[PDB]
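Undergrad: sequence, then structure. It's an experimental one.
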Amino acid sequence: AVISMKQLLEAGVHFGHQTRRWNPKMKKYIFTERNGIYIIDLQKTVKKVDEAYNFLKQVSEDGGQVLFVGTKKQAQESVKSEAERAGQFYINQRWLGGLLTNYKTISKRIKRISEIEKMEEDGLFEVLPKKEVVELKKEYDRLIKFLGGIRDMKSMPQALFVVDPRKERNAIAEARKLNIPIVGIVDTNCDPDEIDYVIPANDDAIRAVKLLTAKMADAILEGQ
RNA sequence: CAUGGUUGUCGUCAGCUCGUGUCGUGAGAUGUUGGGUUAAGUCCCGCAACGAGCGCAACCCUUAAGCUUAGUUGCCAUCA
């Protein structure tokens, strides 16, 4: 559950953002400033972390899944790797506006993937007009790009893991509309009230994203 | 100038809309905007939009060249 402090300042977790870009609601979680950068208090960080850790093992033991998001490029592979580690579902590309609120139309497109995998094996990708061969292939690749990691999600996820709340604000709006708890990693200049389980950690360092989402992946691993 | 049916017209112009979702107290908006491109909301990239339908293509006829079948009532090369 707890992460050693040195594992954080080695991962750049203490790093925040410039004083220029600062949300004054982070003043509770900020510990002084270095080189004009608001250094996050690692103690507070760890504390908050080991509390979304117990909530997440609760979700995995109940049977719920966590929708990993983090379309940000620095979080892209970190989200993908640790979600499949836990058998959860991840988002790595453009968050489809209304994939949770408008699941009615998204459900057909999600099942379109498994449907598109079907015509290949039932033989109508073998008999096809020349342009339709690539046309239906193009429809596949678009869908794999977005609904690649959530193709097995059937209903609304019982939990959602946001890497950067400010970046993927479109996902948080859907979650709050359907009462979906969010575990989020806030660096600075982010709203700590738009999410419920707050991780005060750096959001740009490549290893910092990996280290915290792995512990959150460890949370599910100790629940299933 | 009660109408069915049929027709011109803008104009073969490329637009016209819908479902679910989202924003807006509301009329309304989005998608149908932006970066390019096309004869074409034609197509791509992105984007609170995700998908559709009537539209535009294509599909259908004729034409332009070729190959099989066919030899009359078509044709006339090898020959009289």
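TA: Yep, it's here. Residues are numbered from 1 along each chain as shown, chains lettered A, B, ... in the order given.

Undergrad: and stretch A:113-131, anywhere near RNA strand B?
TA: No. Judged by C-beta under 7 Å from any atom of the strand, stretch A:113-131 and RNA strand B are separated, with a smallest distance of 8.4 Å. The way it works is simple: take the backbone N, C-alpha and C, and place the C-beta from them, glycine included.

Undergrad: need the contact partners of that stretch.
TA: By C-beta atoms under 8 Å, 6 or more residues apart in numbering, the list of residues contacting stretch A:113-131 from outside reads A:133, A:136, A:139-140, A:143-144, A:147-148, A:151.

Undergrad: at 6 Å what do you get?
TA: If you take C-beta atoms under 6 Å, 6 or more residues apart in numbering as the criterion, stretch A:113-131 is touched by A:140, A:143, A:147, A:151.

Undergrad: repeat for stretch A:13-31
TA: Contact partners of stretch A:13-31, identified using C-beta under 6 Å, 6+ apart, comprise A:36-42, A:44, A:187-190, A:192, A:200-202, A:208.

Undergrad: let me know the closest of the contacts of stretch A:113-131 to residue A:70.
TA: Proximity of these to residue A:70 (C-beta to C-beta) peaks at residue A:147, which lies at 15.9 Å.

Undergrad: excluding its backbone neighbours, what's nearest that closest one?
TA: Spatial nearest neighbour of residue A:147, excluding adjacent residues (C-beta to C-beta, 6 or more residues apart in numbering): residue A:110 at 5.2 Å.

Undergrad: in which helix or strand would I find the one you found?
TA: Assigned by DSSP states H and E, residue A:110 belongs to helix A:103-122.

Undergrad: what's the closest non-adjacent residue to residue A:223?
TA: The shortest distance from residue A:223 to any non-neighbouring residue, by C-beta to C-beta, 6+ apart, is to residue A:60 (3.0 Å).

Undergrad: which secondary structure state is assigned to the one you found?
TA: Secondary structure assignment for residue A:60 (DSSP: H, G, I helix; E, B strand; the rest coil): helix.

Undergrad: can you tell me how far it is from residue A:146?
TA: Residue A:60 is 25 Å from residue A:146, where distance means C-beta to C-beta, to the nearest Å.

Undergrad: picking up where we left off before, quick one: which of the contacts of stretch A:113-131 has the most company?
TA: Ranked by the number of neighbours (other C-beta atoms under 10 Å), these place residue A:147 first, at 22 neighbours.

Undergrad: and stretch A:152-171, which residues are buried?
TA: A:153, A:156-168, A:171 (16 or more other C-beta atoms under 10 Å).

Undergrad: ok, so of these, who is nearest residue A:55?
TA: The shortest gap between residue A:55 and any of the buried residues of stretch A:152-171 belongs to residue A:159, at 7.9 Å (C-beta to C-beta).
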